[PDB]
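Every number in this text was worked out from the coordinates using simple rules, so none of it is lab data. Cβ atoms come from the backbone with ideal geometry, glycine included; neighbour counts cover every protein chain shown.
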Amino acid sequence: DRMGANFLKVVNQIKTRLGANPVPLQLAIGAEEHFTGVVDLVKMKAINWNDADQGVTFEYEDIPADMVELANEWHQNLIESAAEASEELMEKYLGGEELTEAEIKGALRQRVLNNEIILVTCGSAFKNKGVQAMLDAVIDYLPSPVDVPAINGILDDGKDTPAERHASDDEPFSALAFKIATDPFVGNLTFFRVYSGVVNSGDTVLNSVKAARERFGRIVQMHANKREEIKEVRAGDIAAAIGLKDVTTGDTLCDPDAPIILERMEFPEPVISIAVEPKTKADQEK
Amino acid sequence: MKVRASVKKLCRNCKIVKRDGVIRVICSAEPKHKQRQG
Amino acid sequence: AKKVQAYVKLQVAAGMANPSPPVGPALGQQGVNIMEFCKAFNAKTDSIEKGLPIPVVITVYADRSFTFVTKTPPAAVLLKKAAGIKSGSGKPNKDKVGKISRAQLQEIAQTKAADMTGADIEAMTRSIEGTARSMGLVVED
Amino acid sequence: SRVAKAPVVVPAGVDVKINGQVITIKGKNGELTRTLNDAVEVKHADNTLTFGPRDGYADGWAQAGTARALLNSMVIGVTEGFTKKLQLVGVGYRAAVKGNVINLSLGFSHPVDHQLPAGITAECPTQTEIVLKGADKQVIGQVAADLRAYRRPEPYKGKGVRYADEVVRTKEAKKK
RNA sequence: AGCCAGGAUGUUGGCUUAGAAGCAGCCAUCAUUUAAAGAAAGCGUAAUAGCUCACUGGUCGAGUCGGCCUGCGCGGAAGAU
């Protein structure tokens, strides 16, 4: 909703600078100030938004008459994007079997596990124009923890046997340690995410890469700000693996007699170095 | 336009024309080389 | 040959494949693949013992084309290839070290006579005596 | 002089109305008249126009030296014309022609739409390029320079409105 | 004085070569062709590509140019019922 904001320029600028292959889907209706419609091209439906409300309507209509031909020349490039994704849609682009909304995404979802095309969407966050539109693609173009290759614990030093473990609750427990913040209540905190398996409350969770013993305290979830005590952590939640005695960047959070990860890749280098000096001589003690 | 009593032809391509009577000296790329009095 | 578009003669010792930064721009004038000028000259560079600056000229053409002329190394660096040091000009008329007679100068001029139409034998002889006096070198025969 | 060695050749298709000091040129698409000063002696001699400085006003070599350059431009301006293109380099800045009015997307809290006088057929191939067409050499610059004076060429980015042939000198920040 | 107009081309011009590559600066300060070119004036610039001065080589086809002396003129020149 700004001047100079050409949607078709930027997505066709990626093919020049970033060198990628983007085929966009949700196009633009409106001259950026009277902007009212976002042109979803699979279902060929424009969406009405709020007069100025923080979120009332979702009214779907047809393609408006002021863009009846740009929808024509851009939908035919959408339905190209499955004939060269899977080899089986090659003979019905030319034969003329109908390219429905549901059929084309079954090929393009498998085009996200290799990542040759990215899926683009224009709209406004602040003007409440597109946010309610942007959620339905996440369940259909962004991958799930059970649709991906799951936890792959290799071994330790014996042999390189990468083992795809299960994404369900039927595995040994596994997690990782990252975003390990602090607090003046308990000391150390984490923002950890469990990939599969279920843990109960109270566990001898180790950190099996650095040979240390830790015990699993009272886990707390947030609204990104507020303390909500999560007792039973299910497979896929993100919480605070509290009470770790020592913890490093990206080591395992795993019960013994189980698969084990040992992985720390791209340890950075903080470059600019400034020397802090105390104010009082009581300060250098603290 | 800086003012000073001396208009000295300073830049290599410095035009001089008498607009209104008071001399002001015309460079091309340098705005710094333009005086007006004298 | 050509005109106000482009004509600069700059090439230094051809043991270095990568275009040296100051030479870069004479290759950075009319859109070359810099791998092409590396692959053009190396078929004949394996007939030399490298160490002297060998010159080429660049000359251009309309679409994406270009051309270049191969000659022999100049006698100015041939004066200071035999003399051992590459830079002797510290004081021209106050240094008297190092002699080469005219016979060396003409046999490095036959390779000019077998390559180029200017830089003739007898006319360059005083300038190959003139690059000696500026370096502070002596000549006798 | 050089101007005295410069007579102007009127072609067929442009008619002169010599009422002495007042000449009204009947041309192709307009009427380019100039009421000159009395330091001139005008005569459309055969076809090539000849002029002369009047006595007393011996500085009329200047005052008709303007005129020799003047009427040459007038007979070629009423027929062929001037392409005066301007280059809009501004973040979110557009240009669009309707009737005889130009919009000015000029980074303000309010739109500026100024109506442009006669002797102007303006056009706009895009949001950054804008044609101006005219018959007098003065009017093809005067309406052009007013737009350029609303947003002068900024010499830290290259921002501003600028002519087609004009080349700015943009500098560098050099401190922060 | 302008439009075409080559900026004929030996060379990297050293030093000290990291670039001080005609264009940072000290000593030389020759010129292969001299109907047009200096081992050189600035900008582009770490260096150069870009743009010129150099001779205007070809067109206009007549006057033109830089200083010395005086007659006068302009600026310099802003004050308080």
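Under the rule that an exposed site lies in a DSSP loop and has at most 16 other Cβ atoms within 10 Å, name the longest stretch of chain C with no chymotrypsin sites (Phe, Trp or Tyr not before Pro) of that kind, not counting the sites themselves. So the longest stretch without any such site is C:62-141.
In this structure the amide hydrogen of D:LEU32, modeled in the peptide plane, comes within under 5 Å of the amide hydrogens of D:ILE25, D:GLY27, none closer than 5 places in sequence on its chain. In the range D:82-163, Cα pairs under 8 Å separated by at least six residues give a relative contact order of 35 percent.
Using Cα positions and a limit of under 18 Å, work out the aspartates and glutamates in reach of C:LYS96, with same-chain residues fewer than 8 apart set aside. Qualifying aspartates and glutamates at Cα under 18 Å: C:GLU129, C:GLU140, C:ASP141.
Only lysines eight or more places from A:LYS279 in sequence, or on another chain, were considered; none has a Cα closer than 18 Å.
Look at the Cα gyration tensor of the range D:26-146: its axes a ≥ b ≥ c give a/c of at least 1.5 with a/b over b/c, and that counts as prolate.
Remark: the Cα gyration tensor places the protein assembly as shown in the oblate category, a/c being 1.5 or greater and a/b not exceeding b/c. Close amide H partners of A:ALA175, meaning residues 5 or more places away or on another chain with modelled amide H under 5 Å apart, are A:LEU253. For the range D:58-71, putting each phi into the Karplus relation 6.51 cos²θ - 1.76 cosθ + 1.60 with θ = phi - 60° gives couplings of 6, 6, x, 4, 6, 6, 9, x, 4, 5, 5, 6, 5, 6 Hz, in residue order, rounded to whole numbers and with x for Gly and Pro.
By the count of other C-beta atoms within 10 Å, a proxy for reagent exposure, A:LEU189, A:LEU27 are ordered fewest to most as A:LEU189, A:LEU27. Qualifying trypsin sites (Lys or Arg not before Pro) in the range A:58-136, where qualification requires a DSSP coil assignment and no more than 13 other C-beta atoms within 10 Å, comprise A:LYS127.
Excluding C:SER134 itself, calculate the net charge of residues whose Cβ lies under 14 Å from the Cβ of C:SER134, where each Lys or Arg counts +1 and each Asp or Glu counts -1. In short, +4.
In order along the range A:252-260, the Karplus-derived 3J(HN,Hα) couplings, from 6.51 cos²θ - 1.76 cosθ + 1.60 at θ = phi - 60°, round to 7, 10, 8, 4, x, 6, 8, x, 9 Hz, and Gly and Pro are given as x.
A cut-off of 5 Å between modelled amide H atoms, ignoring neighbours fewer than 5 places along the same chain, links D:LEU104 with D:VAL112.
Using the Cβ of A:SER208 as centre and a radius below 10 Å, the other residues enclosed give a net charge of -2, where K and R count +1 and D and E count -1.
Taking every C-alpha pair closer than 8 Å and separated by at least 6 residues, the mean separation divided by the residue count of chain A gives a relative contact order of 12 percent. Other protein chain C-beta atoms within 10 Å of residue C-beta, averaged over A:3-11: 2. So which trypsin sites (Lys or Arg not before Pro) in chain B pass both tests, a DSSP loop state and at most 13 other Cβ atoms within 10 Å of the Cβ? Answer in residue order: B:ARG4, B:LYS8, B:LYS9, B:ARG12, B:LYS18, B:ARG19.
Mind checking which of C:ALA123, C:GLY90, C:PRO73 is farthest towards the positive end of the range C:72-140's charge dipole, using Cβ charges of +1 (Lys, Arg) and -1 (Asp, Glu) about the Cα centre? Of the candidates, C:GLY90 comes out farthest on the positive side.
Given the pairs C:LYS3/C:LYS50; B:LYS32/D:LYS174; B:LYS9/D:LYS174, which span a C-alpha to C-alpha distance of over 23 angstrom in this model?
Pairs exceeding the cut-off: C:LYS3/C:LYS50; B:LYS9/D:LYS174.
Taking the Cβ of each residue in A:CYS254, C:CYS38 as the centre, tally the other Cβ atoms inside 10 Å and list the residues starting with the fewest. Spell out each step's value before the answer.
Values: A:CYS254 24, C:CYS38 14.
With the sparsest Cβ surroundings first, the list reads C:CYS38, A:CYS254.
Across peptide A:221-230, the average count of Cβ atoms from other chains found within 10 Å of a residue's Cβ is 0.
Couplings for the range A:51-68, taken from phi via the Karplus curve 6.51 cos²θ - 1.76 cosθ + 1.60 with θ = phi - 60°, read 3, 6, 5, 7, x, 9, 9, 9, 5, 8, 10, 7, 5, x, 6, 7, 9, 8 Hz in order; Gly and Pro are left as x. Take every Cα pair under 8 Å whose residues are at least 6 apart in sequence, average their separation, divide by the length of the range C:47-137, and the relative contact order is 30 percent.
What GluC sites (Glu not before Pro) does the range C:60-141 have in DSSP loop regions with at most 13 other beta carbons within 10 Å?
On the way: sites: C:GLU107, C:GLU122, C:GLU129, C:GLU140; in loops: C:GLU140.
Listed in order of number, the matching sites are C:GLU140.
Let me know the mean shielding of D:89-98 by other chains, meaning the per-residue number of their Cβ atoms within 10 Å of its Cβ.
The shielding value for this peptide is 1.
Of all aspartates and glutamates in the structure, those lying under 18 Å Cα to Cα from A:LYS127, and not within fewer than 8 positions of it along the same chain, are A:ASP1, A:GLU32, A:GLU33, A:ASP51, A:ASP53, A:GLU59.
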